[PDB]
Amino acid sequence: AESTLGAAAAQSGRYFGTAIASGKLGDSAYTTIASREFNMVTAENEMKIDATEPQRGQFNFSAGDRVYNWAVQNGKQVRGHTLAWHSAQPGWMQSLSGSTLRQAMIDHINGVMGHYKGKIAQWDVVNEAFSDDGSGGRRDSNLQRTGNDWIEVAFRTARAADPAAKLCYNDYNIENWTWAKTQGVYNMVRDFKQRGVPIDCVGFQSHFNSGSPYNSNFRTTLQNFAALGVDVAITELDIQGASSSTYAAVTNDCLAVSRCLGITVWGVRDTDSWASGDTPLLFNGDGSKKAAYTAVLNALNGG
């Protein structure tokens, strides 16, 4: 198979996934498409820090588990999103600094990975640690202010919390090979591999739009990262305007890189998108397949 995105991807040993929102699981038209077309699931919001540890030292896994349980009951693997992030921090964590913040970050990783131990294919361990200011450096977050080694520490912590999970660094605007942000990440990952820091994968969010357009040098990005000795994944794909050719291009970029694990689109239907006005996904609000759907499917079936 052949007739659905997930099955097409699996012929080449890859997955095609989607972001699932827990609020939409009571929507039958939504779950019909999602169950049929995808073999990988990411929780859109339910596995973030404020979702899982909204109070200090007390974990809340209900919504996360609702997504996880739906995925597993419908034959999907799951990517965890996300363990350590400057954004969406609960009030109690935002207040913390230094060694106390560092320990909270560690304890969060242990609690969330511990709960899902063995159940999660890939974790976005660190998310969005690089600046968009053009310097190619780290954000000045509370996390970064604990010390530059925070990311390395997060990764070593996560390895011990669930040895079976692939550990991913996830970011956006790191797809264009010529961008400073891209190079800053490439240089961190290279350093990590030289020093034996346990990163298994780099996730390329792949939000393509007018402020961050697709460039054919994406394949070069993927190839260069892969050659460092990591896997690569496309984690949050959407394309402003949903051009068929751009969707096919992105697909063929992944298919061209053997260490490209698969592609996750960030939503099922245009209506489900964080950018619904951009109609950037593979299905319309009424559940019909867009032209891009066919382009992606043909590319996956084309090997």
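Don't overthink the numbering: it's just position in the shown sequence, from 1.
Taking the PDB entry as given, 282 to 290 carries the higher mean Cα B factor of the two stretches 14 to 22 and 282 to 290. The question of which stretch, 163 to 171 or 85 to 93, has the higher mean Cα B factor is settled in favour of 85 to 93. Of the candidates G241, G277, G262, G64, the PDB record gives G277 the highest C-alpha temperature factor. Comparing the C-alpha B-factors of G136, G211, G203, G229 in the entry, the top value falls on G136. Placement of the Cα temperature factor of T235 within the chain: lowest third of the modelled residues, per the deposited record. Among all modelled residues in its chain, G114 ranks in the middle third by Cα B-factor. Compared with the other modelled residues of the chain, the Cα B-factor recorded for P54 ranks in the middle third. In the deposited entry, the Cα temperature factor of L222 places it in the lowest third of its chain's modelled residues. Among the modelled residues of its chain, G80 has a C-alpha B-factor that falls in the middle third according to the deposited record.
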